[PDB]
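Heads up, the chain shows up twice below as structure tokens, two forms, tagged structure 1 and structure 2.
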Structure 1
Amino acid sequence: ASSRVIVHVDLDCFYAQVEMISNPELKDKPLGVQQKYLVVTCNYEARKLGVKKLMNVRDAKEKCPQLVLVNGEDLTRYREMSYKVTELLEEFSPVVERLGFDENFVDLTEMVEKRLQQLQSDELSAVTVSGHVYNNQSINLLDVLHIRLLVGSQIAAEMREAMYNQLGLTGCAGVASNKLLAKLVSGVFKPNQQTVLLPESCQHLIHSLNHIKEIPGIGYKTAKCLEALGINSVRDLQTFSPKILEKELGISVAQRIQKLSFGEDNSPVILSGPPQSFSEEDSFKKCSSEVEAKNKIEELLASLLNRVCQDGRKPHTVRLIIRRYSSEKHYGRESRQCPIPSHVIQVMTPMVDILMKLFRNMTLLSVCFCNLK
């Protein structure tokens, strides 16, 4: 099992789609989904009118005064539809990895091979692509890698069709030989379109990026380190001294990020299955005095309990997260956790009680249940 066919599915303006489906009157109006002072996402009509993702509400409403806004602080419906998407994809092939609420990877390698064994040495030359070919690259029908990726594009088109027919949702897909490249290529044509990457255009796709932060896997901190070292482009990263990179980022981060800079990524698509943790949050800048705010911890709990119940499995740990404030230097939240007594596993008041103590041990209040069994 060497060469892979991977699809990355990435839905369009996910919370906005869900809001437009719920309230048809919002369809073909420019629409922003708001959380506190942020317009976290907006539909493609708003993006034509200036509105950007994670743009603050003011900038957004003076870029576009008629922008309609709906509150998206409660994730219940987005989370529900998100699992519907994953389950539908799992029906195509069972190893589906989630990334956030609206991206999924599927390893289609077995499915592609089974479809190939089913065509004769006649219709093999009838194989055609579905959707865009990255960089308008010519297909070579005698290249077995090209043929597999095209069958991969046909499977992806069937996935996007089923999503739309069964769930009312549109999205993009990217088909490529690994997860890094499938995820880079899925965003090439948006919204609601798909693209496949043939191997000869891999360097073109990688060099299309304008900074190494654009590479999935390289974040805020790593990008700052590389900068400090004079590394700005993908090519700077590709040509940089492996030794020097090793003894600066650790052998782990360094060998992996350098491979990514070439388009190389051996990481497997992992079956996400059910979630590992369940949390709810609330934000209020300045607002929590450190006493008159327990009632908040009680709401978070009431709502979580219903979710964790419905799941069918139970958590064996609970955690309280907080954020403090005086100025905005970089990062730092705070957590205390402890196990959940097993009497209480099998509800409110004793949980309120455990939490009010983890509080006393210690803007933001969140509760997180984890260590599910």
Structure 2
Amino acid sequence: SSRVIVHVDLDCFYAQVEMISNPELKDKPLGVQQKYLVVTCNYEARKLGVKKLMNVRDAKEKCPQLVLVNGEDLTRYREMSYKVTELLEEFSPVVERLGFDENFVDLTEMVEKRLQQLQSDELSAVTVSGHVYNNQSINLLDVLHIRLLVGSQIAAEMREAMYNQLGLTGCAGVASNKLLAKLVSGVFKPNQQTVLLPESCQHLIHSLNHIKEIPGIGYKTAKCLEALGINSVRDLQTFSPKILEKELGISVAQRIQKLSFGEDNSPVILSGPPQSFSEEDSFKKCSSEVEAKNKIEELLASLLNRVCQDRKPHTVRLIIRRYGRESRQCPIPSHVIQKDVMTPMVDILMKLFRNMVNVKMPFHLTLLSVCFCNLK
């Protein structure tokens, strides 16, 4: 029935990993760059008007003193990311990854184990770690309040372990489901944690200013709702279900309307090892098959260095962008799976390549990616 879920959210992740590489970079305003953008920056740099996905042009004019590090190669971020997940997995085996720097953990059985280990006189001694959302009053005879507080204590232990063992700093939110844990984790940042008591749930969801701030509502869904005059959380909460189902489908409608009330019963899913892995690169222009072939050889070479890992891929995919995306995939021959690997995959990929683009007609590629999936 009732759950205790934690959402762990690392502060300025890439920037943070960079500062643990050469500590010297600490105290100095830092940006991590990918091509022409600062994808994330530390809190020093952020204070001076800098923010994520803001171009170097709009980033150097506010901070001529902005320091830039190249973060196109995700290798070290990916490795640290899995170290965080593994350390969280020690607490409870059910950990779900969301991108490289967020994890949900279902702390329910863990909370329960801790409580039944306590005695009656110890119950009254239970205290919160970190913030309580909305400064809401704790009631120690409320069993839900007690469970959530034990949650906050486990969350603090997680954050202390991450810091002591990995040198990483992060936020956590403790709440009754994933949506709410994720909404609450960011209330105090960086490097703090907040617990959401059930009485403050409506306050948390109405504190949002647009429905696009609801996790699960992306670009397409938001713009759709905007085309129906739905702007605030309360609008979505009170809008006609039937009309909603019509315009977006039964699945999306009922789910996201449920989310507008802070209700989310989706389980925390054990992520385990990844289901795919890819190497990607983008560029102003690719217009020759020989250019493409070389980039593809680069991506594949790098990708093969990772294909060792934990399992082998049985499918390969190639994606391109032009001017959404386009792609072709096919199985990987079993003698190739049995592991010079480079020669036939390139041939495989180029055939895949010619399937979408024809050599003897003009074309302008802006992105190339190779993906290994269907792993066994």
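Definition used throughout: the rigid core is the maximal C-alpha set that superposes within 1.5 Å between two forms. Each residue is numbered by where it sits in the sequence of structure 1, with counting from 1.
Residue showing a CA shift of 2 Å or more between structures 1 and 2 (rigid core superposed; candidates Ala228, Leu271, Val144, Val291): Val291. When the rigid core is fitted, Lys243 shows a C-alpha shift of 1.3 Å between structures 1 and 2. Comparison between structures 1 and 2 places the CA of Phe92 0.2 angstrom away from its other position, after core fitting.
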